[PDB]
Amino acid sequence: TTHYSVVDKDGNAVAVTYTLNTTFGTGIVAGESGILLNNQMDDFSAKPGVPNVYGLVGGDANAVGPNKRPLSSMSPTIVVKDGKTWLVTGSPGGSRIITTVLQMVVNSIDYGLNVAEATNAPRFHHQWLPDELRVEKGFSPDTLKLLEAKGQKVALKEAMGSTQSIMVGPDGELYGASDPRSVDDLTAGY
């Protein structure tokens, strides 16, 4: 998985999410090309009803077929405010890519958090199947009682995603944030 965002001096913007699928893909280098080969074929529904590596399921719509592009969850995303590019984001995470991008958007619009605040905020996610409210460390013990109470089956787990985002000020100024979950990353500009 990996996602990166770019915004230039003219205000043009690009968000790219690309991958080999799992880390290092199949781990197979194509001859003497030095190029690692992907294992994207696993994003297809190998068998209707059976989940793939991310626990995602499919049927005939996402079944294996010649020259067919397997279903993806990658979501490079751009939010517009007052008619202008405002937020440029995205993230890896297989099935969680969807709820991760969603929280970035909700954090920015509804909670008025700056791009760094929105990025460093804890995250949660539910993909229907398995049925559980997956969470990250960072949510209060109290608030978590209510979810278990209200009915949810809270399931604390590994950190989710690696958002690399840029927010554009009304005056052209740029604000960026790299995810605390990924080390050695960087958001820089001039």
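Residue numbers here begin at 1 and follow the sequence given.
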item: Mean C-alpha B-factor comparison - 125-133 and 24-32, higher one; value: 125-133
item: Greater mean Cα temperature factor according to the PDB record, 141-149 or 157-165; value: 141-149
item: Third of the chain's Cα B-factor distribution that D179 belongs to, per the entry; value: lowest
item: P48 - which third its CA temperature factor falls in, relative to the rest of the chain; value: highest
item: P70 - Cα temperature factor, lowest/middle/highest third of chain; value: lowest
